[PDB]
Structures are given as C-alpha cells and as structure tokens.
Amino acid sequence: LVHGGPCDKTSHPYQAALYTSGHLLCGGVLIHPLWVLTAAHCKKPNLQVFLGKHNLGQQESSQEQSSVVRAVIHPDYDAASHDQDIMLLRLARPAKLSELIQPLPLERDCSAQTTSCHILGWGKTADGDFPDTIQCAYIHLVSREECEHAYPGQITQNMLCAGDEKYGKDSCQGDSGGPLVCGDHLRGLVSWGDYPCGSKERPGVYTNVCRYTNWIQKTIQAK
C-alpha cells in the first residue's frame, strides 16, 4: 500500500496474509471460521494462510497458521481481463476466534451508499520495499464513468474502482486479495490497477464483492 501509514494493532482482525515459497504473495479476508476470501490470481502452490498477524518480521502470540484444503476459484474467472477475480480458501481447521482474529461481514447491497473506505496490506510501500508492519489508508469509491476513462474497455460490472486523486493513496504488489472495507463491511477485494501504484489519475480496481453473495454462500454450504 503506497502513501499510507501503519495500522493500529486492533483494527484489522479479519486480515489474512498469503504465503507461497516463503514470501508474501497476497492478502485475504477471513469471512467465516473455515473460509478466507482472496483474489483468484492469488492461486499459487502450497498456500500458507496466516491470521492474527500485524508484524510479519516477528512471531506473534495472536497468530494462527493454516494450509489450504480446498481453493475454489469462481467458474467464470478470466485471467486476461481479471474479470470475476475471486477465490474461496477452505482452511485446515476452524480459526480460533479472539480479539485479533474475527471474520468481516460482506456488503450484500450493490446500491450501498458509503463511498468512504479503507484498504490494508503488506504490499509495496512508496519506497518500493515490502513492509514488516501492515499499512492502512482511507480512500474513496470512484464513479463507473471515471474508472472507464482510466482503463478504456477494461472495466466490467464485476469491478469497482477506489482511490485518491489528491495524494495517490493506492494498494500495490502484495496487497491483492486484501479487503476494501466501507461501513464495517467487505465491499471489494484488491484486484489490479496501474504500474507504478499510486497514480492520482488511475485508481485501484477491486472485485465487486456484492455480486458474489449467492456463489459464496453456495460454496460454504457445499457437501
């Protein structure tokens, strides 16, 4: 996350860190004791999910670790266009809930009024390095018309755009799969955007979580 700052230790109990080959790959959101929601482009070998983390450089008494027993990619995910960029990860055992590990409720209403949002993650900061401490930034939802101009012909109804035209606050490499939180609900997932991150003209693109209510519930309830 670029042009942000450190989060407080108690504000992100739903945040997950996704590892592959010993390095941070993606963020994710705990949405149920057995399930983490992330971006479909985060599907990499032998994913390790970490819950209750704040500082990736230290061993924390609040942290829990799990391998993935089932990675469920949306059946209509299109890798070239990042359309329907959503994946459900079933954990090895139910997450042990605490003050620092809690699920985040999904925004089910696609007509939700709140445009005031926040993003978080351990992706690249303004200096180009990967932070040990999780970063936070307040950003806002950008109109469909504004985002369409930024990314001509690349925005579908399964995408939302959010950013900051004033200071360039934006998610970056390592943050994808991470949450876009508006009114204490999950509004989106970090999906893609421009390179370098933090343009004042091109906001970040997020998976529109409200479009996936039925699919998420049907996957979680599956036999």
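Numbers follow the displayed sequence, beginning with 1.
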**OP:** Could you check the entry and say whether 193 to 201 or 179 to 187 has the higher mean CA B-factor?
**Re:** 193 to 201
Original post:
Averaged over C-alpha atoms, is the B-factor higher for 125 to 133 or for 70 to 78 in this PDB entry?
Top reply: 125 to 133
Original post:
Among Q154, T38, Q48, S61, which carries the highest Cα B-factor?
Top reply: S61
Original post:
Among the chain's modelled residues, which third holds the C-alpha B-factor of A222?
Top reply: highest
Original post:
Would the CA B-factor of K53 place it in the lowest, middle or highest third of its chain?
Top reply: lowest
Original post:
Thinking about Cα B factors across the chain, which third does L91 belong to?
Top reply: middle
Original post:
Ranked by Cα temperature factor within the chain, is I216 in the lowest third, the middle third or the highest third?
Top reply: lowest
Original post:
Hey, what third does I119 fall into on Cα B-factor, ranked over its chain?
Top reply: lowest
